[PDB]
Amino acid sequence: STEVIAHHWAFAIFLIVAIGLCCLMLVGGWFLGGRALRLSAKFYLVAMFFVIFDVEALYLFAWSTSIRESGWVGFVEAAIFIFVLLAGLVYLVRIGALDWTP
Amino acid sequence: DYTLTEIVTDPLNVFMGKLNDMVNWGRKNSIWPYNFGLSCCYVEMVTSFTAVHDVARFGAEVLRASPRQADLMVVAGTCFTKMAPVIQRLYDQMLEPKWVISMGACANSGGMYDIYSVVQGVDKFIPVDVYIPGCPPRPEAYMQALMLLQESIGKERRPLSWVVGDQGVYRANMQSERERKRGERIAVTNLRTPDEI
Amino acid sequence: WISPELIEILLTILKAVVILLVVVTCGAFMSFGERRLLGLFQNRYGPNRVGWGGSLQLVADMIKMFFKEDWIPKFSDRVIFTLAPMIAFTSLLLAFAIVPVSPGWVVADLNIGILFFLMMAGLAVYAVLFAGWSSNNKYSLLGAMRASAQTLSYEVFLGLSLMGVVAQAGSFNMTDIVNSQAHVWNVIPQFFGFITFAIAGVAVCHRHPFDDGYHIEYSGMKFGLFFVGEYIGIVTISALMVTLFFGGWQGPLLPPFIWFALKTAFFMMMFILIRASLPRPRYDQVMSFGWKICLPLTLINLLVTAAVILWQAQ
Amino acid sequence: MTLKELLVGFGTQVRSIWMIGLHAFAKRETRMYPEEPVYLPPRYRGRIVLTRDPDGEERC
Amino acid sequence: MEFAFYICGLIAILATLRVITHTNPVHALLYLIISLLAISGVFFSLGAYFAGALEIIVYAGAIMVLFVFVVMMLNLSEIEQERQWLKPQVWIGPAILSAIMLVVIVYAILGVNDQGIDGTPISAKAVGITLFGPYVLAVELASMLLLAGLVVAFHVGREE
Amino acid sequence: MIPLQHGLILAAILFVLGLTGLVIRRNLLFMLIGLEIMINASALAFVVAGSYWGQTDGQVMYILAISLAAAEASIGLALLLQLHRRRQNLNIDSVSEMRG
Ligand SMILES: CCCCCCCCCCCCCCCCCC(=O)OC[C@H](COP(=O)(O)OCCN)OC(=O)CCCCCCCCCCCCCCCCC
Ligand SMILES: CCCCCCCCCCC1=C(C)C(=O)C(OC)=C(OC)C1=O
Ligand SMILES: CCCCCCCCCCCCCCCCCCCC
Ligand SMILES: CCCCCCCCCCCCCCCCCCCC
Ligand code: SF4
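Structural data, given as structure tokens:
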């Protein structure tokens, strides 16, 4: 359609002009103007928790856009999914996995 | 009457002059001081930064903890012998263009502390653009020094680009404020008696 | 070559370019506006001497950052150093690229929408990490890992806070979301979703009170790119919560763009007041609040929203 | 943490926002140097001068 | 839509080739992120909008974030001082083996019936419908798989 | 009008590239990177196959594939952290003690 190809061209022009704007800004900044330890594993733990719960979040993302088309049995399935998610979260909290302080 | 870094004349096409004026306007209207606390003079500096004086009105409130982003180094305090290499390193970490304001008698000359552990003025090892007498200078003296620095910045010539043109920095030789205000200062006859408020 | 299809193509391209220029100029103009409004909150004036009302302070700052000496650290990774402000600008700019500001005024009427916003947040974390690592400083690196751990702790429920609005709308599209608020704005049913998304949006933008800095080695115009990128992120998050929780352009009397601009201006002023008012919590308190309170709140909110929707389905 | 102290903290944050907003509705405390001259008390210790006698000769 | 698919596939191939031949771990992860963005563009060109969205959100927004986190943790160290993988006596053999397997798989691919991918956009609503319909136990046991990975990675990745 | 053969060829190319990176690199981090490349190529192949048949099954299998990929990346990076903690190097040829 003409409207969808107009929106595609608008999005492409938006991306190109934004990239060109920031690149030209950096180029003008460079051109103008004269010249003259072992980290603690809690970082890995919190990033790993973010990865796992982001995958669980993607499952809930897929569920949320089709809640009406899934019916009450989909609600029961997603309630079991969310309950397992919350049991894992309670497990992580209670063993001090999510406690940054010692 | 300029100074090239030698006493030379004014090097300033007419479009290059307008571009230099625009650059100087943008530089003097956006001055970012470095957050550096030495002694009591820094307390009066940050007092000028607060609401009752509002140094933000001149565009000079963005107080940076990083010397890279700062344009102005205000040496506001005594230049102790242990702190002098720190001051020199923080000045060296800055980028062109950079300006220096000595605030207070300690930073000017050492002040009352002509003592074994004090460097007698910060101009002993870094170049200073504006000096403020006082111990401490009041906040509006720091504002007046900021306007003096702005007036000095607005009449200096710097290269627009590092690949085109003369790369030397031409700083104007301003008339001294003492000679400028001698007309109005000597003409003073009577002041208010100290017994009043 | 004069054809109405080409006219519509150029009109849509011009509208997208106008939206881009307006949002970038708004980010810069309210960098200056944050300075002025912090002055207003702190019983002073702020910059009001460079031009009428201080409106030329931004131009002076722009010129100063342009003609500041460009300095890359000698022992640093040059490509990553240049790439971090690149991402910090473009990620939230493209996040704004899906916001509908008016009926017929939208850059991309995508079928994903807030999913594209989630992609842009997942690149903004890269911007912060690359800024920290490329500085070749251990203090900056530690500060960057702490800040990125915070933004992961709040990105973990940003999408789930949006999922209540998505569930009520039944679609990922932003126009469907603003059309589902024809009767009642989503702030009333999705109030817990509103507070969780507001907290997560403030936290992933690294705004107060969620802020060994990793910007200390950045100078010249790269620091300006970081500044305008954070401000564009503020504008984008404000416009997104206007469209998602406050109807968007819907209003009884004033024109729709005026309503959208007024709601966005109120929320950006709320950002300024949030900076001026709250103190900084400790880092462990911030992550514990993100992991122990807000994520279960989003999950329970999604469950309650689904139960309410399926009850109303006859 | 406790829900009661969470609600107390939320109310305290709302109160802090309210005070800062009402203080935004207040009057400015800035003395506009240099447009507004600084008042100095008569015995203020600033620039040093040498004065003259009533007959006009210098006092030093 | 064809041009976008081919340019994104070419970018992904070149970025993967730069990944498996680079020395700097952060640079390798950066080209890997570029390859993941390219493969997401491939997904968007084929109408799999949800798959490309998850490719940027999860694969190029969580997993490689974790890789970048671990690389910053290691502070990467007898790696660039060796460069053993670019000597031919190490890499010619495995490259020959991978080329032979690629030739066999491509020959198997070329003998299939192709009506062409029409690229009709498949929304996340249909994916969510079939996810909680025909694939209920897939979702539940995938939650259990994520739980298993969480427990294993917590048990191993501690410091005591 | 995009051939299924071309998508499967691209996925196969990325798979054998990930396998080559997994084999030729002695660094465990690059082995994990190669493993991520292979599993992403397999997920791309499933997406291509699902898009050819007009079914959501390819995207469902993509979702399962990236769930597996996230979990094995977490486990492998934890193992890599333990190896770097107790050996101070990531040379996978060093850990070869059990043999025969
Ligand atoms: C686009 C526009 C967006 C503009 C911004 C709008 C949203 C702003 C969101 C700001 C979020 C700030 C979140 C701060 C969380 C802090 C959590 C925490 O741990 O606080 C610590 C404190 C004490 O906790 P405790 O464990 O007892 O510590 C004792 C140990 N010595 O714990 C407490 O004091 C408990 C209470 C913590 C904070 C609760 C939430 C407050 C949210 C901010 C106020 C919002 C007001 C309304 C805003 C407008 C709404 C229309
Ligand atoms: C990289 C992180 C940048 C954070 C923002 C820095 C720029 C704004 C500084 C605000 C400010 C602070 C905090 C401040 O403490 C202060 O008082 C000395 C000011 O002068 C009035 C300020 O302007
Ligand atoms: C912070 C706000 C950012 C907005 C970015 C997009 C601006 C688009 C401007 C569109 C203006 C016309 C809108 C349609 C007509 C209705 C309003 C007419 C009076 C302005
Ligand atoms: C220190 C020990 C190092 C061991 C490295 C092992 C590397 C194995 C490389 C195998 C290469 C095979 C090349 C192709 C062989 C012919 C084709 C397959 C058989 C028909
Ligand atoms: S000049 Fe006086 S007020 Fe200033 S630092 Fe020295 S002692 Fe303190």
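Protein chains in written order, with our numbering: chain A, 1044 to 1145; chain B, 14 to 210; chain C, 15 to 328; chain D, 247 to 306; chain E, 803 to 962; chain F, -5 to 94. Even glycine gets a Cβ: it sits at the ideal position worked out from N, Cα and C.
At least 9 angstroms separates the CB of E:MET874 from every CB of chain F. Flagged as an interface residue toward chain A: B:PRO172, by a C-beta distance shorter than 9 angstroms.
The Cβ of B:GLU109 sits closer than 9 angstroms to at least one Cβ of chain A. Against chain C, the CB of E:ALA862 has a partner CB under 9 angstroms away; the residue lies at that interface.
Here E:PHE869 is buried. Its C-beta has 16 or more other C-beta atoms within 10 Å.
In the three-state reduction of the DSSP assignment, B:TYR144 falls in the strand class.
In the DSSP assignment, F:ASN21 forms a beta bridge with F:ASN85.
Residues close to ligand 5 by the beta carbon criterion (under 6 angstroms to any non-hydrogen atom) are, from first to last along the chain, B:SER52, B:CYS53, B:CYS54, B:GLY90, B:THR91, B:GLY117, B:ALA118, B:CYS119, B:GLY124, B:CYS148, B:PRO149.
Residue state for C:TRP147 is assigned as helix, using DSSP reduced to three classes. The three-state reading of DSSP puts E:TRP893 in helix, counting H, G and I together. In the three-state reduction of the DSSP assignment, C:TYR59 falls in the coil class. Only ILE57, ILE60, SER61, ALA64, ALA65, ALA67, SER68 from the segment 41 to 69 of chain F bring a Cβ to less than 8 angstroms from some Cβ of chain A.
Going by C-alpha positions, E:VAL867 is about 33 angstroms away from C:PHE46. The beta carbon of D:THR258 sits closer than 8 angstroms to at least one heavy atom of ligand 1. By the C-beta density criterion, C:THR39 is exposed, having fewer than 16 other C-beta atoms within 10 angstroms. In this structure the segment 207 to 223 of chain C touches the segment 160 to 171 of chain C; the number of beta carbon pairs closer than 8 angstroms is three or more. Annotated three-state conformation of E:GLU804 is helix, per DSSP. Between C:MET159 and A:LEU1069 the beta-carbon gap is near 26 angstroms, outside 8 angstroms, which marks them as no contact.
Comparing alpha-carbon positions, the option among C:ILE314, C:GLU83, C:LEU129, C:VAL322 lying closest to A:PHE1124 turns out to be C:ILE314. When the Cα atoms are used, C:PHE281 and C:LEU97 turn out to be separated by approximately 30 angstroms. Between the C-alpha atoms of F:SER45 and E:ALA944 there is a straight-line separation of about 23 angstroms.
Residue state for C:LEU20 is assigned as helix, using DSSP reduced to three classes. For C:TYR140, the closest Cβ of chain E is nearer than 9 angstroms. Taking 9 angstroms as the cut-off, the Cβ atoms of E:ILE822 and F:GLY48 do not count as close. Contact check for C:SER149 and C:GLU231: beta-carbon distance about 4 angstroms, within the 8 angstroms limit, so the pair qualifies. Looking at the DSSP output, B:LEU17 sits in a beta bridge with B:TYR183. When secondary structure is reduced to three states using DSSP, D:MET278 falls in the coil class, being assigned neither helix nor strand. Annotation: the continuous beta strand (DSSP E) that includes B:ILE114 extends over 112 to 116.
At a cut-off of 9 angstroms between beta carbons, F:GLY94 makes no contact with chain E.
One finds nothing in chain C with a Cβ atom closer than 7 angstroms to the Cβ of D:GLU251; even the nearest lies about 12 angstroms away. Minimum Cα-Cα distance from B:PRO207 among the listed residues D:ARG289, D:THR297, D:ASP299 corresponds to D:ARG289.
In the displayed model, C:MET284 falls within a helix according to three-state DSSP. Think of a sphere of 7 angstroms around the beta carbon of A:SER1044: no beta carbon from chain C falls inside it, the nearest being about 10 angstroms out.
Using beta-carbon distances, B:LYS41 counts as an interface residue toward chain C, with a partner under 9 angstroms. Taken from the Cβ of C:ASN151, every heavy atom of ligand 2 lies 8 angstroms or farther away.
For ligand 4, a non-hydrogen atom lies closer than 8 angstroms to the CB of E:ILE902.
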